């Protein structure tokens, strides 16, 4: 299977697989069953911002998700990602819907990874920023139902022409270039990601969420990973 590290914005409590009984943000290390969660107020129809931060010094993967009214949720988890991820990864966004649904609209996404080795600024770095997506976004690998639009957005999961999100959808977007996420001689290996998103649902209980994830370079949507598996995992183990 793929190796996945993810920050999930999980809109739908699947309490049978260890979700807390509320929408939550979570840090997922090789399992959809978050190692750490925090209660999250998803604001229907509002634009949220997720920030994900990690560095190999503090070895603490942190995320905050906020809305313009100042509400936010944060989760941090101490983890040495050297021992979790392969040296080379791809980074992406993933989302799903299920029996319940929501738009999983990404309005922007940025990412920075740096490897700072030994001495003065001999550093490798990758940064990308999308504040507008184009219909044919050649530097994104779109998987599943994910599309980019003339509207400038990345719709991770299916949305009708009429703007209605569809159930049973899963989609991801990975940045085209592999990322050298850590390296043995790197004194600091850090990454940061930010994305903004608009989750809107007619459903009184939207589902299923959006994740920022880091995976092996050849990561693909696992079979049967709509709904609670967020397009990240082949099962709920």
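Numbering follows the first chain given and starts at 1.
Stretches 69-77 and 158-166 differ in mean CA B factor, with 158-166 having the higher one. For the segment pair 187-195 and 203-211, the entry gives 203-211 the higher mean B-factor, averaged over Cα atoms. Take 49, 56, 34, 62 and read off each C-alpha B-factor from the entry; 56 has the highest. In this entry, the residue among 42, 173, 179, 29 with the greatest C-alpha B factor is 42.
When the modelled residues of the chain are ordered by C-alpha B-factor, residue 98 sits in the middle third. In the deposited entry, the Cα temperature factor of residue 90 sits in the bottom third of values across the chain's modelled residues.
Ranked by Cα temperature factor within the chain, residue 4 sits in the middle third according to the deposited record. Residue 121 sits in the highest third of its chain by CA B factor, as recorded in the PDB entry. Sort the chain's modelled residues by C-alpha temperature factor and residue 114 lands in the middle third, per the entry.
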